[PDB]
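Contents: one structure, followed by commentary.
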Amino acid sequence: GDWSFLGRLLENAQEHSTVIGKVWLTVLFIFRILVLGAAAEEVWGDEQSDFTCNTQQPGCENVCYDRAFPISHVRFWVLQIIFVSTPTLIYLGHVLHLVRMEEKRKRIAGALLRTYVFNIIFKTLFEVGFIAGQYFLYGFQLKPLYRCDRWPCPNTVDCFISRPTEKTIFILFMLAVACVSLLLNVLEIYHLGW
Amino acid sequence: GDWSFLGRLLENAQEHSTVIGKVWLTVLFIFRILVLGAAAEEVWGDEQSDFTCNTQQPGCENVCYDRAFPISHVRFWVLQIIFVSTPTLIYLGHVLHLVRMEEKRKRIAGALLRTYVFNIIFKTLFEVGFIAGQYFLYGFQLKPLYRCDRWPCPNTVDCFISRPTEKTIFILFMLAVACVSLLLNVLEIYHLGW
Amino acid sequence: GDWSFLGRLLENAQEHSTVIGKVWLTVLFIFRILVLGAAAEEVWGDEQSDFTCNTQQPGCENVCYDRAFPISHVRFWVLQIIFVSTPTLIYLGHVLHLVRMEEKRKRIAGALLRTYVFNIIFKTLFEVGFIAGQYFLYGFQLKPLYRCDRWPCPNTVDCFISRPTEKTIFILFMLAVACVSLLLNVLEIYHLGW
Amino acid sequence: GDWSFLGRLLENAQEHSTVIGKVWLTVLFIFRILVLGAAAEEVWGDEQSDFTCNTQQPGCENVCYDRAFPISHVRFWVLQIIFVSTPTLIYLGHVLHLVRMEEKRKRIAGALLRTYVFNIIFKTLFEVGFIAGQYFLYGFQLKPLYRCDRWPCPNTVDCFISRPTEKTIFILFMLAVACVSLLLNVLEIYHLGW
Amino acid sequence: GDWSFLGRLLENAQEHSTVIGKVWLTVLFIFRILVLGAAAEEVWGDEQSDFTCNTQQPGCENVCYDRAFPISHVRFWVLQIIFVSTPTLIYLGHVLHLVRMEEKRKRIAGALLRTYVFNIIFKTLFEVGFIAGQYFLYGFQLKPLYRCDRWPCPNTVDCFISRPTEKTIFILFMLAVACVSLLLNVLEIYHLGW
Amino acid sequence: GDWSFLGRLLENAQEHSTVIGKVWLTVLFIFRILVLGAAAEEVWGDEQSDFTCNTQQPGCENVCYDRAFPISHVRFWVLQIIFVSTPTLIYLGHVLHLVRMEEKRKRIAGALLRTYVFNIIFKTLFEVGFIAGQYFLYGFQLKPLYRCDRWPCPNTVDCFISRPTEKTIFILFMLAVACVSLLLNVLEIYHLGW
């Protein structure tokens, strides 16, 4: 998609953020947004086209793909990116507001300190939450075979998924990127406190 | 699509708007435009391609998809974005006109105050209206099965929709974003009055 | 498509135009160009792919789609945009030429006044003309069923169109946008005269 | 495609050219490049996909499409644009070279006059030539039916073309644009001579 | 594809190059890169999709397309562009290095002269080489029929190619462009020597 | 995909890097990123669409493509580019941090020297590693035939790959580019030490 607006906002965040925060933003842009655009979106292009079920029942493939993949992985990662980014926008807005107020009348202390720490907190929580949701929804291994018993499918039908190994690889890659982001938030807290 | 022109106009609106207004515009750009471009448009890519009806009647799938989905959701959201944005453009134009007039001769009071409040009002009305239209047209749950009795379909035919669960998720996501926009307009009114 | 060049020219037109003219250009960019790019072009993507005729005759679907839709709607709107825009480019060029001449030697009167009024006139005429052509070619309701008797089709065949309801909606939307443009040209004339 | 580089060069040409030349370049950008990108390329998207021949012979559709359409129209127009543009680049380069030489040492006369006139000449010749080639290759009406007798086709087979009416419309549109370009070159010559 | 980076580098090369070199770069950008992007890539879009073999043997079309077209033409031209461009980048880098060194301490002679001449030489060699490779691999006429005897094909099968005439036209066009580039390099050498 | 952000970061790296480093970055941008975008991604577009297995077993093609190509080549190259780039970003960040610190108070020595050398080291290791992984996973020749015995396939089935020769060519091209990158890192080390 088009991430230019968010790109500008997060560059401005880089202008006003800790070094570890800059590392976090660079990770976000290179290892998550870029990887989705260049690589992952082409793996999931034929997710439903190349999803094959051994049946002659109309509508069984559709409902079985819907049950196998309620939300697609790529979409889930998109939402994860947006949500983990939002706190940074909040902090950047607080900063610009204080700057405008100073200008009206006539560098991390007071409200900025607290707000930044809270930003860190929320980023961490959201990240952990998406990780856990991904685990409980799919785990971290996409098996080639999916057995479906949803109406209109007669008895249990066997269905086969496109590119399970490649998808598995990218699932783990993005999970590792998320864990790196968590480590970076922890390091930022430590740096602040000491 | 290409939202760059609107992007520039709404950035200019950010230059001249309340803090809560800036939050509203950031929500608009990140949670609605971006989500449509990156995520939702790929969910609805195969809306009619993967729409399957259990019949051998030529033309039944077409008329049954037309009856099930008169306007697509993504298109409806596009129109919603445009319409909720228009008032902001009107207010921005009023502002630039007053600036040009001052320049000819030789900061929210008088006409700007009223016009801004009215902008808020219209944004709210339009938002609520689209929400209600969405509800009365589709509700907020897209069932996998759609039973169609429209000519040329013989008797009632069963038809099956692509990605009902994912579409349901995104419907609710966008509804929640709209409700957040409403809360923001209310907060802006309150801030003005007090 | 790519409207950037025209975008720049019409922004320059905004630099030199009446307030109502600025409103007209904003309408052009937001409600016509943007709507086509984001929404309408995806409705008409499968116009011929999902056009189904109940026959086993080779070539009947092609000739029946050609007879049903001689020019596609989206293409017609593209041409409408270009043509209604041209006068504005003519006026902008007259303006830049006078500016260059002043520069050589060493704000709406004389030739600029007349030329601007004529621009208005032409914009109006073209708009009305496209509206009427659209009406006489298609009307403003796209029926799902189209009965075709063109060779090689044997006797009369029934053919079915993709997304008739959505297309009908967008037809009316664009017609209303055109009528708004007409009202704006009328208002601009009135403002000039008084 | 991507016409940005050529766009920049021809904008520079506008910086150094007659008023009628500026009109010519605006015509080139709006009525030929833009129309191809936004409209014509979508008419010819399914030129071979929706080309249907009434036969069961493998390879007959391919050779019959190749014989019906040796070069596609859109490609022919692309080449026409490039070739009619080249002279303008030559003149612009002559100009920049003279400017650089003046700079080394320490507004249409001499070499610039001749070179510009010759540019006009070549533009005219190329235009007329492409027009005539288009006529002799296709004429200006694309008939729906094409009868093909090329091996491997057995006896004569009937083949049917996609969107003949729409293609016919756009053929005539582009021909009229080319004739307007010719009129503009003639007017430029007249302006120079008088 | 995206040629913007290379575009910037070669514009910088234009800043520091002979007039004939500027002509060469303009040829490169307009007649080779642009033609590929706008025109040729759409001719070769369905190279394998519309490649039809008269057989019922699974896998024969794949191996016969692979034997007929080991490397596609468009890809070959892409590589040709890259390779003929590289020397220019080398010369530009030599230039910028000398400029930086002058800056540290505190216009074609010495090392720059030799390096530029060598650039010319390499460009010529590479060009000639690609031309000859194209000839020995395909010649300059793409016949519609290709007879294939590669396993798993039983005996010899007849296979038919998409758009042979159009491809033939573009092959010759690009060959002529390459010969023009050669003439330009020769002219540049002559200009230097005299 | 979209490499603009990385492009900016690596341009900044060029601002602060050795000449051989600049050559390395130019190689990265021209011979790896550009080649993937313009050429390789179109070779691997139909990797699974045109993958044909001689069987009537549902799901055998999917599992046999997954076993033949666990990760696609293009995706592997994408990851290779990202990883070999990361060290350069680390070094650039170290540099900008030292610059900011100098600014607070009031050119390759100390920490910058070590960090740069380590960057070189890591780039080399990663490169070699990806090379070896590519070899052990696929080798450097993609055979047309792949024999598959994975469930649900009955006994051993023959499967055929799209464009094996072209893919083989590009595999070797990218391997040679990687070896050139290795030579450049070695040359940079030598230049530093002497």
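Order of writing sets the labels: A, B, C, D, E and F. Residues in every chain begin at 1.
Basically, a residue touches a chain if its C-beta (ideal position, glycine included) is under 8 Å from a C-beta of that chain, and two chains touch if they have at least 3 such contacts.
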item: Minimal step count in the chain contact network, chain B to chain E; value: 3
item: Partner chains shared by chain E and chain F (touch criterion as defined above); value: none
item: Rounded Å distance between chain D and chain F, as computed from the means of their C-alpha atoms; value: 41
item: Centre distance in Å when chain C and chain F are each reduced to the mean of their C-alpha atoms; value: 47
item: Centroid spacing, where centroids are CA-atom means, of chain D and chain E in whole angstrom; value: 23
item: Where chain D touches two or more other chains, by residue; value: 3
item: Contact graph of the chains (line, ring, star, complete, other); value: ring
item: Ring topology as an ordered chain list, initiated at chain A and continued via chain F; value: A, F, E, D, C, B
item: Chain B partner contacts - residues on chain C that touch it in the complex; value: 3, 7, 19, 22-23, 26, 29-31, 34-35, 37-39, 42-43, 46, 50, 52-54, 144-145, 158-166, 169, 173
item: Interface residues, chain E side, partner chain F - complex; value: 1-3, 5-6, 9, 48-49, 58-59, 62-63, 65-67, 69-72, 74-75, 78-79, 82, 85-86, 89, 93, 97, 152
